[PDB]
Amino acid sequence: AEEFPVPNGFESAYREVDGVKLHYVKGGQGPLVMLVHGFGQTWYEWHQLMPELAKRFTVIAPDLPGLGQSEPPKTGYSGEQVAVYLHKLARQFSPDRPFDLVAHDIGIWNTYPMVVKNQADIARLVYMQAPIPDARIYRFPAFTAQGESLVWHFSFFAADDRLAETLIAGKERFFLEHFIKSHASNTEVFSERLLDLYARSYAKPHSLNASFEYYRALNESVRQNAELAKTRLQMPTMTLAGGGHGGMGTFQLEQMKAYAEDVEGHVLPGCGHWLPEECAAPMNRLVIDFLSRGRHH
C-alpha cells in the first residue's frame, strides 16, 4: 500500500538501516540528491519537484523515522540520532560520491548533525523554513501583536503527559488543517483532498507520537548542536524562507550565516511555511538552479 501517489517513473521502496525500515521514493539518474520533509508531511511534499530534478539527478525522498511509511527510530529522536539513519540511507545509494541535500522544517534538525560530521559527503545543501536547533529558538515569542506566534507549537508538542497526542487523537484532520493554514500565506493550495492525504498518514498512532517526539528531543538537539557548531559548514549552501504569513523571513539566512561560510538566501514574497506547495514554481526553480551549478546528468 502507498499513502501517497508515486510520480510516474519513480519507485516506492524500503531499506533497513540500523534495524529500522525506512520508506523512500526514488527515481532518476545521475548524482544523488536526498530531499527530507518536515512536520505534518511526508516525502510527498516533494512530489512536484522530484520529476524535474530526476532529469538531472538520482532523487531519493525518505519518510522520517516514525512518519509516513517509515518505522520509528530505535535509538531516539534527537537530531544527531536521526541523522545517522538518513546519512547511512543516502550512502547506500551514493557510497563513493558526495550527494546533495534539501531539507524542510524538522528535516533540518534531522540532517544538520550528519552534514557537519561528514562534510565531504555533502556536495551542496538547501535548507528551508525552520531554525537549526540552537539557543536562538528560546528567543521566539509566545504571543505576538497579531495573535498566534510562529513556534508556540514547540511548547505544545514538547509538553509532558502526552498532552499533544491526547488532545489531537481523533481530531487529527481538524488539527492539521488548522496548523497548516495558520502557517500559510497561499492557503488555497491546501484542498480538502490534499489535507485528507496528509492527515491519514500522521493519524497512525505511532506517527502521531513520533511527530511530537521530535519536539520532545528538541532541547537535546540544541545541546548536541552547541558542540557540533564549533566547525562551520564549508560546502555551498542556500536557504529559502517565506516572506508571507507563516514564513521565517530574514531569520533563515541570518542564522545560517553563523553556520556556513558559503550561503545565499532567498525570501519568497507571498509564501508562508509550505514553500513546495504554496510557491512551487519559484521554489522549484531556485532549488533546481542551485543544485545544477554542480555536476549533474
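Superpose the two forms; the largest set of C-alphas matching within 1.5 Å is the rigid core. Note that residue numbering follows the sequence shown and begins at 1.
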Greatest C-alpha divergence in 4 other deposited structures of this protein once each structure is fitted on the rigid core, 145-153 or 188-196: 145-153
Stretch with the greater mean C-alpha B-factor as recorded in the entry, comparing 212-220 against 111-119: 111-119
Which of 121-129 and 177-185 has higher mean CA B factor, as the PDB entry lists it: 121-129
C-alpha B-factor winner, where the candidates are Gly38, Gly28, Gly244, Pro65: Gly28
Most elevated Cα B-factor in the entry, residues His153, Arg97, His206, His104: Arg97
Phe93 - Cα temperature factor, lowest/middle/highest third of chain: highest
For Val82, the third of its chain into which the C-alpha B factor falls: lowest
Third assignment of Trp274 from its chain's C-alpha B-factors: lowest
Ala54 - Cα temperature factor, lowest/middle/highest third of chain: highest
Relative C-alpha B-factor of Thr42, binned into the chain's lowest, middle or highest third: lowest
